[PDB]
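Residue numbers (full-length UniProt numbering), protein chains in the order written: chain A, 256 to 306; chain B, 205 to 306; chain C, 46 to 268; chain D, 24 to 81, 85 to 121, 132 to 182; chain E, 21 to 46.
We put the CB at the ideal spot given by N, CA and C, even for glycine.
This report concerns only the one structure given below.
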Amino acid sequence: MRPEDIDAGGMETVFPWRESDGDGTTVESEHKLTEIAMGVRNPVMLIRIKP
Amino acid sequence: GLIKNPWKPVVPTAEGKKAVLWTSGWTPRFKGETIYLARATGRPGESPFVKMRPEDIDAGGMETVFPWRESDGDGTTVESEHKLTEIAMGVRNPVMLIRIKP
Amino acid sequence: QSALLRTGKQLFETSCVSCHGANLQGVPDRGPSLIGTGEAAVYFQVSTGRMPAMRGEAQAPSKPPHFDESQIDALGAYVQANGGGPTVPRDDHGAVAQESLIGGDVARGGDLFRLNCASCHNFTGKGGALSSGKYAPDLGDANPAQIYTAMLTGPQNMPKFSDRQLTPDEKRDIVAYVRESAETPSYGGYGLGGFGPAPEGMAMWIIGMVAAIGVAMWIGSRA
Amino acid sequence: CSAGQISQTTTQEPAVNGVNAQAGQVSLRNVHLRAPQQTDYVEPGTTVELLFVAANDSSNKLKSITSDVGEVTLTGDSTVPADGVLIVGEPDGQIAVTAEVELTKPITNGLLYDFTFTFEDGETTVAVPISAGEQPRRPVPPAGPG
Amino acid sequence: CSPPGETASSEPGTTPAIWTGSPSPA
Ligand SMILES: CCCCCCCCCCCCCCCC(=O)OC[C@H]1O[C@H](O[C@@H]2[C@H](O)[C@@H](O)[C@H](O)[C@@H](O[C@H]3O[C@H](CO)[C@@H](O)[C@H](O)[C@@H]3O)[C@@H]2OP(=O)(O)OC[C@@H](COC(=O)CCCCCCCC[C@H](C)CCCCCCCC)OC(=O)CCCCCCCCCCCCCCC)[C@@H](O)[C@@H](O)[C@@H]1O
Ligand SMILES: CCCCCCCCCCCCCCCC(=O)OC[C@H]1O[C@H](O[C@@H]2[C@H](O)[C@@H](O)[C@H](O)[C@@H](O[C@H]3O[C@H](CO)[C@@H](O)[C@H](O)[C@@H]3O)[C@@H]2OP(=O)(O)OC[C@@H](COC(=O)CCCCCCCC[C@H](C)CCCCCCCC)OC(=O)CCCCCCCCCCCCCCC)[C@@H](O)[C@@H](O)[C@@H]1O
Ligand SMILES: CC(C)=CCC/C(C)=C/CC/C(C)=C/CC/C(C)=C/CC/C(C)=C\CC/C(C)=C/CC/C(C)=C/CC/C(C)=C/CC/C(C)=C/CC1=C(C)C(=O)c2ccccc2C1=O
Ligand SMILES: CC(C)=CCC/C(C)=C/CC/C(C)=C/CC/C(C)=C\CC/C(C)=C/CC/C(C)=C/CC/C(C)=C/CC/C(C)=C/CC/C(C)=C/CC1=C(C)C(=O)c2ccccc2C1=O
Ligand SMILES: CCCCCCCCCCCCCCCC(=O)O[C@H](COC(=O)CCCCCCC[C@@H](C)CCCCCCCCC)COP(=O)(O)O[C@H]1[C@H](O)[C@H](O)[C@@H](O)[C@@H](O)[C@@H]1O
Ligand code: HEC
Ligand code: HEC
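Now the structure itself:
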């Protein structure tokens, strides 16, 4: 995702993603993506503040 | 709640829906379908079923073979990972192939 | 070697000619022909002591070997020169390969053994009974070369696995599994043979119940 | 009980990938065809090889092979000594008589094809198989996801 | 009793034809 995606006054939930695990098509990638969605300290809120 | 009709058509074949006990993995799903005799060679992550030739088994040998279609294969993805498991866990799937001395 | 072929022939006419023929063509109703068997068959049958056989029963047993390594090689080379066939794998020094036959992957060897070999032999390589007077022996005595050559040729009612059916890489894993499952100690106490419910039941009846009844008889009274 | 007239051990055939048919005072052993295959058939026009060993026990005999899958051609002495044998084919593993076949009709491994072996005194039909020796497993192209 | 439909024959039988295979699901 890009900085231009969020409007001023919006909020999004974001997760940590590496290049090494994308496209959970294979079984190993599905396991890796399941791991980063069930992390108890993973989710982050991204906020854009009005100028 | 635990009473079920066993003679209920649930299995799709080349002749419509049929009961479980009349079918197996070798039943054609459409007319002219090619079912290969595959063998278990490698690890689950290394294409567990591969094709075979008449030249591989010699006189006085025996091999275990399974029904394998071109529509499954490798098991690299998650879609073909649950299709290669149903083949190996089928109740009526395994076949013994023997070669008789001339 | 020319000098090794002739020393292997003089060993044959004194031990083998009675049941296999002068031309290796087989004596009817005493023994089969030896054309096309190779030196792998000879190695397996002579090293383990099965040959020469002593009578005709349901199955020829194993026993102490009659010849040594040099004589075994001579006999093998003499047989190989009369039709070809499989050969025993060697090492870099021209000796029989033992250490080089052990594979890396024991898990793949294990599940190959469980599918191909555990039916006749046991889970871990113990005995198993066959039709009428026949059986599959224990695998706890054979060196890697013997294990390799057993499934390359097909000794008896045991099938043969060609190099195309089981490639000479899966065979190494199988032999590794067989060799490892024989030298690993039991966890949790004495193995009790490694057969399962039958030795366990007998041990129960002959130890636990005997001790319990003895203790009861000690505590209690008679008449 | 297992050591009577009928014995389970004395009747065992050798595992050799070949036939052990007899003829007139001649025993033929390890009779097979060499034809390295690439597809479902071995097309006509290709030449293939016939291999066997002929043994007799006591002073000479001539021989000639005929078949129906093309024509068989012999090259060599093609006679048997008293206490010796005649080796024609050298199967892979051995460290000169040769039998070649023109193969008018296509052949495939798994089936049996009739060959007639005729001597100066005896003649038999054999119905030989095809055997591959020390040839390794041929590569199979990998599959996809499906 | 003996199972009906389990009988030996004396018919020669022919060698199977080469498999062609209809291309796609009908
Ligand atoms: C309330 C009390 C309850 C508790 C009681 C328990 C007491 C018993 C044991 C004591 C506990 C010790 C704990 C430490 C365990 C340990 O450290 O672990 C050692 C290893 O030990 C075995 O390794 C042997 C080698 O060391 C290995 O090198 C080798 O590889 C391996 O070989 C296997 O594997 C191969 C594959 O390669 C195969 O080829 C091969 O065949 C085999 O399978 C070997 O095994 P194995 O032969 O079992 O040893 C045999 C045992 C033999 O046990 C026994 O006494 C038998 C116990 C059970 C008896 C019950 C049977 C009942 C029968 C009925 C009577 C039948 C008849 C009645 C019915 C009909 C009635 C009507 C007539 O001792 C011997 O050696 C010789 C005998 C000496 C032992 C004597 C001690 C106790 C005896 C009791 C009486 C004393 C009198 C004097 C005696 C001298 C394997 O287990 C290994 O896993 C294991 O790792
Ligand atoms: C105890 C004292 C009392 C006295 C009575 C008995 C004493 C001795 C008499 C026994 C007879 C001689 C036996 C030796 C001969 C022998 O060695 O045999 C030949 C060969 O034979 C096998 O092949 C058959 C051919 O040779 C092959 O050509 C052929 O092909 C093959 O055919 C099969 O195989 C083929 C594929 O090859 C298939 O094509 C084919 O279809 C088929 O399947 C053959 O085999 P098959 O027919 O199975 O058997 C047939 C053999 C099999 O041997 C046998 O004697 C069988 C052995 C069992 C003996 C009977 C035991 C009796 C029980 C006790 C008396 C009870 C105890 C009570 C205690 C007292 C209590 C006190 C109060 O002939 C017989 O039955 C012989 C008949 C004689 C038996 C008579 C006894 C019954 C009468 C009752 C008397 C009661 C007394 C008191 C009452 C008051 C071969 O392979 C080899 O092994 C073997 O070499
Ligand atoms: C299938 C069936 C119906 C069973 C009966 C079959 C049958 C005919 C039985 C014969 C068994 C025998 C003993 C065979 C040998 C020949 C023989 C001597 C015959 C009879 C001799 C005779 C008539 C007179 C002698 C007098 C006499 C009292 C003899 C003693 C014989 C005895 C007591 C032997 C034991 C018998 C027997 C069947 C025992 C079973 C025990 C079992 C099942 C245990 C299995 C077992 C095993 C296999 C282990 O590996 C093991 C390893 C480490 C610890 C424990 C065990 C263990 O318990
Ligand atoms: C006493 C009785 C059975 C009542 C009769 C009632 C009756 C007539 C009703 C009809 C029922 C019918 C039709 C009968 C058939 C019975 C049947 C098919 C099974 C039903 C189950 C059942 C009733 C089981 C009870 C069996 C029973 C009472 C056994 C007692 C054994 C006793 C008293 C022995 C103790 C002495 C002792 C410590 C012995 C030393 C050790 C030995 C050698 C014991 C024998 C022994 C045993 C018992 C094993 O099971 C065993 C299993 C695996 C390996 C070895 C052994 C073994 O050695
Ligand atoms: C004293 C104890 C027993 C007392 C017996 C007194 C009678 C009481 C039982 C009567 C209950 C009848 C229920 C009627 C419903 C009905 O009509 O069932 C149909 C088929 O009708 C029929 O032919 C009826 C035939 C009844 C005879 C068969 C019973 C005799 C045998 C089977 C013994 C049964 C005991 C079971 C043992 C239990 C194991 C634990 C010990 C098939 O339905 P089905 O296509 O499977 O669709 C549904 C799914 O969708 C849904 O998931 C679910 O699986 C079902 O609801 C299913 O019905
Ligand atoms: C008569 C008894 C003998 C003698 C003196 C020898 N052999 Fe052995 N042999 C015999 C039989 C009946 C059988 C077949 C059944 C079984 O295998 O027990 C065999 C088998 C062999 C084999 C296996 C061949 C195969 O794979 O087809 C070999 C390699 C073999 N025998 C070798 C051999 C040698 C080198 C002998 C001289 C020391 C010898 N046998 C003696 C019966 C008999
Ligand atoms: C049933 C038939 C089988 C199967 C499927 C396998 N084996 Fe085993 N085997 C069997 C018999 C009846 C015999 C005895 C033959 C003889 O004594 O002539 C054997 C022998 C062996 C041996 C040699 C014996 C030894 O010295 O301990 C080995 C090493 C062996 N068998 C191993 C083995 C393996 C690795 C198998 C699967 C890959 C296998 N066998 C299959 C019976 C049968």
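Next on the checklist: Would you say the beta carbon of C/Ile147 is closer than 6 angstroms to some non-hydrogen atom of ligand 7?
Outcome noted: Counted from its first residue, the third sequence places residue 147 of chain C at position 102. C/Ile147 Cβ: outside cutoff for every heavy atom of ligand 7.
Next on the checklist: Would D/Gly102 and D/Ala132 qualify as a contact pair, given that the criterion is a beta-carbon distance under 7 angstroms?
Outcome noted: As a position in the fourth sequence, residue 102 of chain D is number 76, starting the count at 1. As a position in the fourth sequence, residue 132 of chain D is number 96, starting the count at 1. In this structure, D/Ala132 lies closer than 7 angstroms to D/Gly102 by Cβ.
Checklist entry - Grouping DSSP H, G and I as helix and E and B as strand, with all else coil, what is C/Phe158? => result Here residue 158 of chain C refers to the residue found at position 113 when the third sequence is read from its first residue. Helix, per DSSP.
Checklist entry - Are the C-beta atoms of B/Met266 and some chain C residue less than 7 angstroms apart? => result If you number the second sequence from 1, residue 266 of chain B lands on position 62. Judged by the 7 angstroms Cβ criterion, B/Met266 is in contact with chain C.
Next on the checklist: Tell me which residue opens and which closes the beta strand (DSSP E) that B/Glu267 is part of.
Outcome noted: Here the question's residue 267 of chain B lines up with position 63 in the second sequence. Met266 to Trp272 is the span of the beta strand (DSSP E), which, as asked, contains B/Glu267.
Item to check | C-alpha gap between C/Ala268 and C/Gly233, whole angstroms | outcome: Counting from 1 along the third sequence, the entry for residue 268 of chain C is found at position 223. Counting from 1 along the third sequence, the entry for residue 233 of chain C is found at position 188. Between C/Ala268 and C/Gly233, the C-alpha separation is close to 42 angstroms.
Checklist entry - At least one CB of chain E closer than 7 angstroms to the CB of B/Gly220: is that the case? => result On the second sequence, position 16 is the one that residue 220 of chain B refers to. When Cβ-Cβ separations below 7 angstroms define contact, B/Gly220 makes no contact with chain E.
Item to check | DSSP state of C/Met249 mapped onto helix, strand, coil | outcome: For the purposes of this step, residue 249 of chain C is taken as residue 204 along the third sequence, with counting starting at 1. Residue state, collapsed to three classes: helix.
Next on the checklist: Quick check on B/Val295: buried or exposed, where buried means 16 or more other Cβ atoms within 10 Å of its Cβ?
Outcome noted: The residue you call residue 295 of chain B lines up with position 91 of the second sequence. Its Cβ having fewer than 16 others within 10 Å, B/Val295 is exposed.
Item to check | Short Cβ contact (7 angstroms threshold) for B/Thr245 with B/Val254 | outcome: If you number the second sequence from 1, residue 245 of chain B lands on position 41. If you number the second sequence from 1, residue 254 of chain B lands on position 50. Yes, they are a contact pair.
Item to check | Distance between E/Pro45 and D/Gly68 (C-alpha atoms, nearest Å) | outcome: Start at 1 with the first residue of the fourth sequence, and residue 68 of chain D comes out as number 45. Start at 1 with the first residue of the fifth sequence, and residue 45 of chain E comes out as number 25. Taking the straight line from one Cα to the other gives about 39 angstroms.
Checklist entry - What runs of the beta strand (DSSP E), each 3 residues or longer, lie entirely inside the region 30-62 of chain D? => result Within the region 30-62 of chain D, the complete beta strand (DSSP E) runs of at least 3 residues are 50-57.
Item to check | C/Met99 classed as buried or exposed, judged by whether at least 16 other C-beta atoms fall within 10 angstroms | outcome: Within the third sequence, the letter at position 54 stands for residue 99 of chain C. Around the Cβ of C/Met99, a 10 Å sphere holds fewer than 16 other Cβ atoms; the residue is exposed.
Next on the checklist: Within 8 angstroms, do at least three Cβ pairs link the region 180-190 of chain C to the region 114-124 of chain C?
Outcome noted: no
Item to check | chain C contact residues for D/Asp118, given Cβ-Cβ distances below 7 angstroms | outcome: Counted from its first residue, the fourth sequence places residue 118 of chain D at position 92. Near D/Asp118 (Cβ distances below 7 angstroms), the residues of chain C are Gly129.
Next on the checklist: Please report the straight-line C-alpha distance between B/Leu225 and B/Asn297, rounded to a whole angstrom.
Outcome noted: Reading the second sequence from its first residue, position 21 is the one you call residue 225 of chain B. Reading the second sequence from its first residue, position 93 is the one you call residue 297 of chain B. The alpha-carbon atoms of B/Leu225 and B/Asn297 are separated by roughly 13 angstroms.
Checklist entry - Under a Cβ-count criterion, where at least 16 other Cβ atoms within 10 Å of its own Cβ denotes burial, should B/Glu259 be classed as buried or exposed? => result Taking the second sequence and counting its residues from 1, the one referred to as residue 259 of chain B is at position 55. So B/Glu259 counts as buried.
Checklist entry - Does the beta carbon of B/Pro252 sit closer than 7 angstroms to a beta carbon anywhere in chain D? => result Here residue 252 of chain B corresponds to residue number 48 of the second sequence, with the count starting at 1. No, because no Cβ of chain D sits closer than 7 angstroms to the Cβ of B/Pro252.
Next on the checklist: Taking the alpha carbon of E/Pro43 as the reference point, which residue from B/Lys222, B/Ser228, B/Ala223 and B/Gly236 has its own alpha carbon closest?
Outcome noted: Within the fifth sequence, residue 43 of chain E is the residue found at index 23, counting from 1. Checked all of B/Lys222, B/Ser228, B/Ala223 and B/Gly236; the closest Cα to E/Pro43 is B/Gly236.
Checklist entry - At what residues does the beta strand (DSSP E) containing D/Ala77 begin and finish? => result Looking up residue 77 of chain D in the fourth sequence gives position 54. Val71 to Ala78 is the extent of the beta strand (DSSP E) around D/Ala77.
Checklist entry - Can a CB atom of chain F be found closer than 7 angstroms to the CB of B/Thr231? => result In the displayed structure, chain F is absent; the protein chains listed are A, B, C, D and E.
Checklist entry - C/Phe206 versus chain B: which residues are under 8 angstroms apart at the beta carbon? => result As a first step, residue 206 of chain C must be located in the third sequence, where it is residue number 161. For a Cβ distance threshold of 8 angstroms, residue set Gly265 of chain B lies close to C/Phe206, ordered along the chain.
Checklist entry - Any chance the CB of C/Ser231 is under 6 angstroms from a heavy atom of ligand 1? => result In the third sequence, residue 231 of chain C corresponds to position 186, counting from 1. The answer is yes for C/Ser231.
Checklist entry - Excluding sequence positions up to five away, which residues of its chain have a Cβ less than 7 angstroms from the Cβ of residue 14 of chain C? => result It is not possible to answer for residue 14 of chain C, since the shown part of chain C is limited to 46 through 268.
Checklist entry - Who are the Cβ neighbours of A/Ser284 in its own chain at under 8 angstroms, not counting the five residues just before and after it? => result Within the first sequence, residue 284 of chain A is the residue found at index 29, counting from 1. The residues are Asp276, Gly277 and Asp278.
Next on the checklist: Considering just the uninterrupted stretch of the alpha helix (DSSP H) at C/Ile117, what are its terminal residues?
Outcome noted: Residue 117 of chain C sits at position 72 when you count from the first residue of the third sequence. Looking at the DSSP string, the run of the alpha helix (DSSP H) that includes C/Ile117 is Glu114 to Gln125.
Checklist entry - C/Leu79 and C/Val124 look like a contact to me (Cβ under 8 angstroms); what is the Cβ gap, rounded to whole Å? => result Taking the third sequence and counting its residues from 1, the one referred to as residue 79 of chain C is at position 34. Taking the third sequence and counting its residues from 1, the one referred to as residue 124 of chain C is at position 79. With 8 angstroms as the limit, C/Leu79 and C/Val124 qualify as a contact, their Cβ atoms being about 6 angstroms apart.
Item to check | Local Cβ density within 10 Å of C/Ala187, reported as buried at 16 or more and exposed below that | outcome: Taking the third sequence and counting its residues from 1, the one referred to as residue 187 of chain C is at position 142. Answer is buried; the Cβ neighbour count reaches 16.
Item to check | Rounded separation between D/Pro177 and B/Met256 - CA only | outcome: The residue you call residue 177 of chain D lines up with position 141 of the fourth sequence. The residue you call residue 256 of chain B lines up with position 52 of the second sequence. Roughly 12 angstroms separates the two Cα atoms.
Checklist entry - Just curious, the alpha helix (DSSP H) that E/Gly33 is in, first and last residue? => result Residue 33 of chain E sits at position 13 when you count from the first residue of the fifth sequence. Careful: E/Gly33 lies outside any alpha helix (DSSP H) and carries neither H nor E.
Next on the checklist: My output table needs one value for A/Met300: the three-state DSSP class, helix, strand or coil.
Outcome noted: The sequence position of residue 300 of chain A within the first sequence is 45, counting from 1. DSSP, reduced to helix, strand and coil, places A/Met300 within a strand of the structure shown.
Next on the checklist: Taking 7 angstroms as the threshold (C-beta atoms), are D/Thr161 and D/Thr152 in contact?
Outcome noted: For the purposes of this step, residue 152 of chain D is taken as residue 116 along the fourth sequence, with counting starting at 1. For the purposes of this step, residue 161 of chain D is taken as residue 125 along the fourth sequence, with counting starting at 1. Contact flag set, yes.
Next on the checklist: Relative to the C-alpha of B/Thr289, which candidate in B/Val215, B/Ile304, B/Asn209 and B/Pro248 has its C-alpha closest?
Outcome noted: On the second sequence, residue 289 of chain B is found 85 positions in, with the first residue counted as 1. Comparing Cα-Cα distances from B/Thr289 to each of B/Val215, B/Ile304, B/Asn209 and B/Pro248, the minimum goes to B/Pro248.
Checklist entry - What are the residues of the region 33-65 of chain D that lie near chain C, defined by any Cβ-Cβ distance shorter than 9 angstroms? => result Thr33, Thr34, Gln35, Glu36, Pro37, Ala38, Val39, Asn40, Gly41, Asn43, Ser50, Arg52, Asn53 and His55
Next on the checklist: List, in chain order, every chain B residue whose beta-carbon is nearer than 8 angstroms to that of A/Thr289.
Outcome noted: Indexing the first sequence from 1 puts residue 289 of chain A at position 34. By Cβ distance, chain B contributes nothing, its closest Cβ being about 11 angstroms from A/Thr289, past 8 angstroms.
Item to check | Within chain B, the residues that E/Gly41 reaches when beta carbons sit closer than 9 angstroms | outcome: Within the fifth sequence, residue 41 of chain E is the residue found at index 21, counting from 1. Those are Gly236, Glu237 and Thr238, listed as they occur along chain B.
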